[PDB]
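Q: my complex, first installment, coordinates as in the assembly:
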Amino acid sequence: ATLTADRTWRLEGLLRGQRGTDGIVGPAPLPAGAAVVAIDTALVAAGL
Amino acid sequence: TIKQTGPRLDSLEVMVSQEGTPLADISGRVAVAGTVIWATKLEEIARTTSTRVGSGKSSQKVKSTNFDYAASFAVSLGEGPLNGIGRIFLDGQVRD
């Protein structure tokens, strides 16, 4: 990812199709605004 | 002949937050705890930590983050030029 601004980072060399990453995209191209979240410890998936 | 009874002096020295006390200004080789001076506040990386209940509630409560209060403790032993700093430790003779 290349910093273009203090908050803005330009993701480059995007890789798609891993575990069907491309599968969602082929029907619908990514929208102008979306929430992009890095994988992290804070992310919580358990308890369901 | 006029005499001063020997004081406890350096033994059992503890760092003191208050700045009213004058600095030691040692003229020989003494070990001084000193008084904390200009601590740079504290670094509160994680104020509190939590315990996971696993399946019953949440297994994500536990935190591995570093403890708080990392700071620059600029303890000043004494005023004036000094040399021969060695053998220093909070709880013991020295740290590696």
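A: Thanks, I have the structure now. Numbers count the residues shown, from 1 in each chain, chains lettered A, B, ... in the order given.
Q: Could you tell me the end-to-end distance of stretch B:54-73?
A: 39 Å (CA to CA, to the nearest Å).
Q: Give me the buried positions along that stretch.
A: residue B:60 (16 or more other CB atoms under 10 Å in any protein chain shown). No exception for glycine: its C-beta is placed from N, CA and C like everyone else's.
Q: for stretch B:32-46, same thing?
A: Buried residues in stretch B:32-46, counted by 16+ other CB under 10 Å: B:34-36.
Q: end-to-end on it?
A: OK, stretch B:32-46 end separation, CA to CA: 32 Å.
Q: one more chain, chain C:
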Amino acid sequence: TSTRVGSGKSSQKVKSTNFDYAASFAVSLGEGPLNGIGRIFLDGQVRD
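A: That brings us to chain C, laid onto the chains above:
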């Protein structure tokens, strides 16, 4: 309060117990009527 060692020992040892010795500490600030209570904290000037 204790924690489990899982498979190697017992996996049921975990406990979430809180600290004990909760008491009605009543601290007398002195005899006689008093007013203007403010700025009270155990470890600092105040709590939220």
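Q: Repeat for the buried residues of stretch B:54-73, accounting for chain C.
A: B:54, B:60.
Q: does chain A sit close to that stretch?
A: Yes. Interface with chain A: stretch B:54-73 contributes B:57-60, B:64 (CB under 8 Å from any CB of the partner chain).
Q: Could you dump those residues into a markdown table and include distance to residue A:24 and secondary structure?
A: Supplementary listing: these in a markdown table, determined by distance: CB to CB, whole Å; DSSP: H, G, I helix; E, B strand; the rest coil:
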| residue | distance to residue A:24 | secondary structure |
| --- | --- | --- |
| B:57 | 32 | coil |
| B:58 | 28 | coil |
| B:59 | 28 | coil |
| B:60 | 26 | coil |
| B:64 | 32 | coil |
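Q: Chain D goes on too:
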Amino acid sequence: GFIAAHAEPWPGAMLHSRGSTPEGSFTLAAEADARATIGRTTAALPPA
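A: Let me add chain D to what's already shown:
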């Protein structure tokens, strides 16, 4: 179900409680350490 939380300058645990009821009888299901790293897309991209 992943729930990373973007805390707004908040220091402390984030409690995520899930309650099926609309009114809000939530039962704690998750806890988040701090604001997670999150990003907002400013661009629309065709599938790579």
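Q: The buried residues of stretch B:54-73 again please, this time with chain D.
A: B:54, B:57-61, B:63.
Q: Kindly report the same for stretch A:14-31.
A: A:25, A:30.
Q: Keeping just the C-alphas, turn that stretch into PDB.
A: Provided in PDB are the C-alpha atoms of stretch A:14-31 (Å, rounded to 0.1, in the frame of the first residue of the first chain):
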ATOM      1  CA  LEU A  14      -4.300  -6.200  -5.500                       C
ATOM      2  CA  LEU A  15      -4.700 -10.000  -5.500                       C
ATOM      3  CA  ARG A  16      -8.100 -11.500  -6.000                       C
ATOM      4  CA  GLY A  17      -9.800 -14.900  -6.100                       C
ATOM      5  CA  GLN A  18      -8.200 -16.300  -2.900                       C
ATOM      6  CA  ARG A  19     -11.000 -18.200  -1.200                       C
ATOM      7  CA  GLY A  20     -13.400 -16.700  -3.700                       C
ATOM      8  CA  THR A  21     -12.200 -13.200  -3.100                       C
ATOM      9  CA  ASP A  22     -13.000 -12.500  -6.800                       C
ATOM     10  CA  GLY A  23     -16.200 -14.400  -6.500                       C
ATOM     11  CA  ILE A  24     -18.100 -11.500  -4.900                       C
ATOM     12  CA  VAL A  25     -16.400  -8.900  -7.200                       C
ATOM     13  CA  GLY A  26     -17.300 -10.500 -10.500                       C
ATOM     14  CA  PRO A  27     -21.000  -9.900 -10.100                       C
ATOM     15  CA  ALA A  28     -20.500  -6.500  -8.500                       C
ATOM     16  CA  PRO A  29     -17.500  -4.100  -9.000                       C
ATOM     17  CA  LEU A  30     -16.400  -2.500  -5.700                       C
ATOM     18  CA  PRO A  31     -18.300   0.700  -4.800                       C
END
